[PDB]
């Protein structure tokens, strides 16, 4: 029984990831801003009982790792998954975006995910996996982000920070994944990403992969 921490597990792929890991026999620690006000998560929690724990926690708060920390207690994290991404302004227009919006977009999509993962890094199992929800829109080589440039740039920044983190170690103590979930049901996506996550266990590599475990170019 591996311990899996999902930050952003209230709805969508996050909730799907929690279900997919539960089905693989993991102990799952689900973090969300308002866990009680997600009917999906609550119902998932009440099926399988103690094996899914809901935790209040906002990635954007500076006390987030501490709240997760005291809650975990002594147990180590085998799989850490940071799923907290926003689109940015609807218009995705560089001419219209203000400072507040810029701060929010890059804090939420890039900076805060690294802040959390670094704070918890000491508690992740050696040969475990730390994975971040990214996007194919982050890929410079693919250059597919014309219709949502600000979103794609926020995710390129995420990818950059994660590659930079890998650059700090002589050898990685765990794997660093950047995940493209696809756009395809939530269940198909989640099942695939879990497979991709589990494939990286014990390899201690930095990879950018989709829900099929295919390498995306940077």
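Residue numbers count along the first chain shown, from 1.
Visitor: Using the PDB record, quantify the missing residues of the deposited sequence between residue 183 and residue 184 as none, 1 to 3, 4 to 9, or 10 or more.
Guide: Unresolved stretch here: 10 or more residues.
Visitor: Between 154-162 and 34-42, which has the larger average Cα B-factor in the PDB entry?
Guide: Mean C-alpha B-factor is greater for 34-42.
Visitor: Please compare 71-79 with 108-116 and say which has the higher mean C-alpha temperature factor in the record.
Guide: It is 71-79 that shows the higher mean C-alpha B-factor.
Visitor: Looking at 22, 196, 13, 206, which has the highest Cα B-factor in the entry?
Guide: Answer for 22, 196, 13, 206: 22, with the highest C-alpha B-factor.
Visitor: Could you look up the Cα B-factor of residue 90 in the entry and say which third of the chain it sits in: lowest, middle or highest?
Guide: For residue 90, whose C-alpha B-factor we compare with every modelled residue in the chain, the answer is the middle third.
Visitor: When the deposited Cα B-factors of this chain's modelled residues are ordered and cut into thirds, is residue 101 in the lowest, the middle or the highest one?
Guide: Lowest third of the chain for residue 101's C-alpha B-factor.
Visitor: C-alpha B factor of residue 192, ranked within the chain: lowest, middle or highest third?
Guide: For residue 192, whose C-alpha B-factor we compare with every modelled residue in the chain, the answer is the middle third.
Visitor: What third of the chain, by the recorded C-alpha B-factor, contains residue 216?
Guide: As the PDB entry reports it, the C-alpha B-factor of residue 216 lands in the lowest third of its chain.
Visitor: Sorting the chain's CA B-factors, does residue 125 end up in the lowest, middle or highest third?
Guide: Highest third, going by the recorded CA B-factors of the chain.
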